[PDB]
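The same protein chain appears twice below, in two forms, each given on its own as structure tokens and labelled structure 1 and structure 2.
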Structure 1
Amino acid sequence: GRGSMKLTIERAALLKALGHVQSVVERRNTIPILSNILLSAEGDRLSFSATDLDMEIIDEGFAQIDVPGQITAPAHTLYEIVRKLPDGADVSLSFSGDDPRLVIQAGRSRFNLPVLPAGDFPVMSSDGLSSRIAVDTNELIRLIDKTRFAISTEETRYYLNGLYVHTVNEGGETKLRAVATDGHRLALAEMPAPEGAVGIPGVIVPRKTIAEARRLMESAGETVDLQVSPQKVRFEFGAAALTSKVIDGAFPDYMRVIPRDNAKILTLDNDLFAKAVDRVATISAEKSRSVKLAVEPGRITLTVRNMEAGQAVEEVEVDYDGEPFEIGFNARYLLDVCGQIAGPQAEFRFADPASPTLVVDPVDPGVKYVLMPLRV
């Protein structure tokens, strides 16, 4: 039929690997094998693979293998089954014969699932990729976490639905930089470039790739290996790896939209301010809630209104000695920036009420946020 396979694996190890790879599997597929995990047993290693064609996750666990072989079975169902199996039970996986089903058993339970042959499972090439670049896991987390919120989810601009990862020579030192924008704001984060990074092309890593890599990163060791080409990116975590296409598109010329000479400098207590904004925004249940900042020496007055004659106002003392002005922002966009500020202060740099505004982190010079004002 499709050969044979027979092994046992600890539930915890099986569950870990299934949980790692299943996430990439879409909840619908007109192509049924894309709903499946590829199981490949050899030696003392059970390998796992899943894909949505844009990316592939692979993982591996220890197994006791009586008969080596390969098969595919439905990802979600297999995962959900294994979740319900008793804690500590060893799980037998096997199939054989002319009308094979994947047989899962543990304790007094037996499940049979339909299978598709391993030879029909998609193959994701690694051709063209750079050599592996060791990246500090925590630095890689930082690049993602400081910028991820500003990635577009708008179907109408596919080229903004990813994170632009590239190297920059910033006045004699090479930086690995991440930029995300949705056209309504922008986030930038960078680090001194890892050794061996210089040479890689600038790529737009898809937003789902970012999500999946970020989740796998949370449990990785000190290093994540990165490989890049103009077509592909690959993250190696140890036992798990994620290989993905990049977005074939031009990322905007983002340096043009980051203001360099904003001269009105305002410093504030980030937590206090964010709490104020969130508080006043609570007057409204709308999606795109606006907040007005009335800035004067020593203070900012925040105002939000709803459509039903409700009003909220709060005064926040700040460090500012310039000329007064009013400016409007989308409250969520503002709050997103505040949530990424690393220390007690945030520094706003304004020009005039129609101009892009810069936010700087006194703790971390390697991040830069841009907010676009709303007509007030």
Structure 2
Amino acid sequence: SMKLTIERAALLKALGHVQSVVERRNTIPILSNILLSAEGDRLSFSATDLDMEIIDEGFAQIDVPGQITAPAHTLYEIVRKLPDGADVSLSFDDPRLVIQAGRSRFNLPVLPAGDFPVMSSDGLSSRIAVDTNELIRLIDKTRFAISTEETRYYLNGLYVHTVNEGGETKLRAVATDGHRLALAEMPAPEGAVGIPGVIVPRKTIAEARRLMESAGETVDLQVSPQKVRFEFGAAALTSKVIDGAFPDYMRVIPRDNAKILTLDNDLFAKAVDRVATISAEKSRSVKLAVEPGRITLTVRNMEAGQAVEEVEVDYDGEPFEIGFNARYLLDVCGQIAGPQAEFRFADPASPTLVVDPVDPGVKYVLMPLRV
């Protein structure tokens, strides 16, 4: 038996945190459930998709301790729709979970707690406190470049690791999908120096980042070669990592591109977006005809449509033509923090570096395509 009462707001806060992990499509019914575990003065909540597990805790008045599983999204929506201030009773005498508040009564089917997946966290490092805003930045500056593919390939997560440069150790995140790269870094907090490099799955980053919005001043990170764990206070997210070595991305990031050009980032981005409008295609390529003082942008669609726009830029080198996917270019322009962007080109077939003058702790790479 389990039997308790909990304030709607506390119940809603916890269910809200954990239910995000549950895939709407699930042909294994137990993976649609939350594990509820009541003991002492706390109701604990766990949900999983097998690759990761979110846990949270709320205060509750516990008459009889116990554990049961119940449908996650349905439980969340019931509680959401209960009146403000409602005190919520959870109990069992059918074999269903009884949720009772004011004049509403719900009976949900349950599944036994013993069939609920167990996520082991053996051999994690000690907790590493990382400033929340700094961590949010590592993710927001890079996340867009992680592939959206449905595999467990190394490109489908964010490579988190430390490196030694500029007379200190940095905590770095690198994302690449084979078409583009993003890199962001920060001075390594105490305890992060020399963590093993881990590839954190895309969905895990998305969930961590969501939980970061409601976190405090810091989030604790723990890492092992098999597992990564984020603690946000009462909530925690534990995840598998992608197995295998991440590519030697330091060879992909060009160091010696000598054709340097600076431009007004907002004007350029608007010009790119404008010329790209000619095409409705999923991928749209834009030609950059670069010459002293100017970039001429051209997009063509699959039905003889054409758009051209000239943008003045700061450049004095040899003229050349280079092509990029317009979405990848706009993604980079979207991350630039100030009004200028700096591009470093070599030849039309080589990777292009984009640097942000107001932030030396990011690097973006664009891969050219045929123009």
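If you superpose the two forms and keep the largest set of C-alpha atoms that fall within 1.5 Å, you have the rigid core. When a residue number appears, read it as a position in the sequence of structure 1, where counting begins at 1.
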Listed options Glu195, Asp136, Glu286, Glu154; Cα moving by 2 angstroms or more between the two structures (core superposition): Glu154
After a rigid core superposition, would you say the CA of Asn29 moves by 2 angstroms or more between the two structures, or not? yes
So, with the core fitted, how far does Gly171 move at its Cα between the two structures, in angstrom? 4.5
Fit the two forms on their core, then tell me the C-alpha shift of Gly119 between the two structures in angstrom. 2.6
Core superposed first, then measure: what is the displacement of the CA of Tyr333 between the two structures, in Å? 0.2
